[PDB]
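Just so you know, the sequences run in chain order h and X. If you want PDB author numbering, it's the position in the first sequence, counting the first as 1, plus 80. If you want PDB author numbering, it's the position in the second sequence, counting the first as 1, plus 114. Positions of the beta carbon are idealized from the N, C-alpha and C atoms, including for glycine.
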Amino acid sequence: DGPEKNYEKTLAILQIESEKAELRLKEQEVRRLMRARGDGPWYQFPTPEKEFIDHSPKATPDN
Amino acid sequence: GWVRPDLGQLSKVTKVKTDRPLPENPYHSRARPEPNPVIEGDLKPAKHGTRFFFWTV
Numbered sequence: 081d082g083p084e085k086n087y088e089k090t091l092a093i094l095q096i097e098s099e100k101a102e103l104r105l106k107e108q109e110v111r112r113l114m115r116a117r118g119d120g121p122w123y124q125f126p127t128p129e130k131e132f133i134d135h136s137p138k139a140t141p142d143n
Numbered sequence: 115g116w117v118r119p120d121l122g123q124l125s126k127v128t129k130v131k132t133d134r135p136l137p138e139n140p141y142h143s144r145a146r147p148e149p150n151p152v153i154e155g156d157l158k159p160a161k162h163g164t165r166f167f168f169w170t171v
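This is the structure we're talking about:
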């Protein structure tokens, strides 16, 4: 086919690999920041549920 | 002229009328910090596949 086909294919391959490397580094930094301070969707450790707290009036008023 | 209550009369709710204002903050609750900023958007596919080493797809 000629040298231009291999040239442009190499450029496309390099762009794909560079974007993948950038995204991998971004993923590492995002995971580290989330686990350091959990504020995104990931590393959300559980907590006792609100929906099983009895809010009805008790036998004792001081509750 | 007093009448003794029946078998099941003293043991029911009463709906007493009062003018004392309703306490707006029982238990002296704190600020209740806001939840995490949930991410919204369309679910696009993963960029360049799984990006797991040499796997292209």
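Taking the alpha helix (DSSP H) that residue i belongs to, which residues open and close that run?
i        : result
h:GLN108 : 83-116
Restricting to Cα atoms, I'd like to know which of the options is closest to residue i.
i        : options                             : result
h:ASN143 : X:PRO135, X:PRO140, X:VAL130        : X:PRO140
X:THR170 : h:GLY120, h:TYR123, h:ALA101        : h:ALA101
X:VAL152 : h:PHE132, h:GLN124, h:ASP81         : h:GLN124
X:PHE167 : h:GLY82, h:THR90, h:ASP81, h:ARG104 : h:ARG104
h:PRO121 : h:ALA139, h:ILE93, h:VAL110         : h:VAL110
Original post:
Is the stretch 147-166 of chain X touching the stretch 90-101 of chain h in the sense that three or more CB pairs, one from each, lie closer than 8 Å?
Top reply: yes
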